[PDB]
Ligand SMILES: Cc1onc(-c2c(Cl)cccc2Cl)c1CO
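A single chain comes next, written as C-alpha cells; it is the form solved without the named molecule.
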C-alpha cells in the first residue's frame, strides 16, 4: 500500500524520467535525530554530491500503530508544497523493510535547540520567527492544509537562519470537511481538541500563540506537572505573563490564545500586528 501521490523519480541536482530512487544513490552520514519510527540521517546524493536529509521509517513499526494513512498524508501534502519557509520533500522511495523520505537539509538545526541554549528569545528574534512561520502557515492555509503540530521541535533553520516548517506527520487537507482528531503535542494542544469539539485551521493560530509565549518566556504557557493538570489549564486558558513581557507581545499572545477559535485573528492580522511590524526583521 506504499504507493503515494508523490515523486519517486531520480532528480538531477545539477541541471534544472525513468530511473527511480534507490538507497544506492545516497552516501549516509551521521544521524540528525531520532523520530517516532526511525532516525533521520544526513545524506549526500552520489552523482551531484548534493547534501540533503534522509528520513528512514521502518514498515514494521508503522503498522503496529496503524499510521500508514497519516504517512500518506505527510508525504503527499509536503511534496506538493513550494515555499521558502517550508521544508522541501523532494521525493520518497521504499524497499522490503523501510520507507525513505528525501527531505531538504536544514543546516542550523532546530529552533528547539536554539531555545535550549538561549533559554529565551529576544523580541526581534521572536517576531522574525513568527513572521516567517505565519508566512508559511498562510501558504499552507491557502491550500486548505492544517499543520496541527506546531512546536519548536518541528521548526528548522535554513542556511540564513530563516525558519522552515517541518514534520507534516499530523497535517491534513481539510478544504471544507472540518476535522475531529485529537492529535499533536500536549503543551501545544488547542482547547477544541481537549474538549472534543470539531476543529478547523484555527488550531495553527493557537499553537502560534503558545509558541510565541515559549519563545519569550522559555516555557509554554500552560505547562503543568501532569497531563491531567495541563488539560485543565488549556481548557481554562489559564496562563500569566512574567513582568518582562512587553504590552505589544502581551497583546498578540492574548489575541491568539482565545478559547473561541473564531475570535483568534487571521494570519494577515498577525503579520500586520504592531508588535510584529515593530520588531520583525522580515
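Positions refer to the first chain, counted from 1.
The protein also exists as the form deposited with the named molecule bound; that form is not presented, and the subsequent description refers to it.
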query: Blocked or open, judged by overlaying the named molecule from its pose in the entry with it bound and testing 2.4 Å from backbone or C-beta atoms; finding: blocked
query: Triplet 249, 251 and 276 all within 4.5 Å of the named molecule in the entry with it bound via a heavy atom; finding: no
query: Close approach of residue 223 to the named molecule in the entry with it bound, 4.5 Å, heavy atom; finding: no
query: The named molecule contact in the entry with it bound: residue 92, any heavy atom under 4.5 Å; finding: yes
query: Distance check, residue 120 to the named molecule in the entry with it bound, heavy atom within 4.5 Å; finding: no
query: The named molecule contact in the entry with it bound: residue 179, any heavy atom under 4.5 Å; finding: no
query: Within 4.5 Å of the named molecule in the entry with it bound: residues from 145 to 164 (heavy atom criterion); finding: none
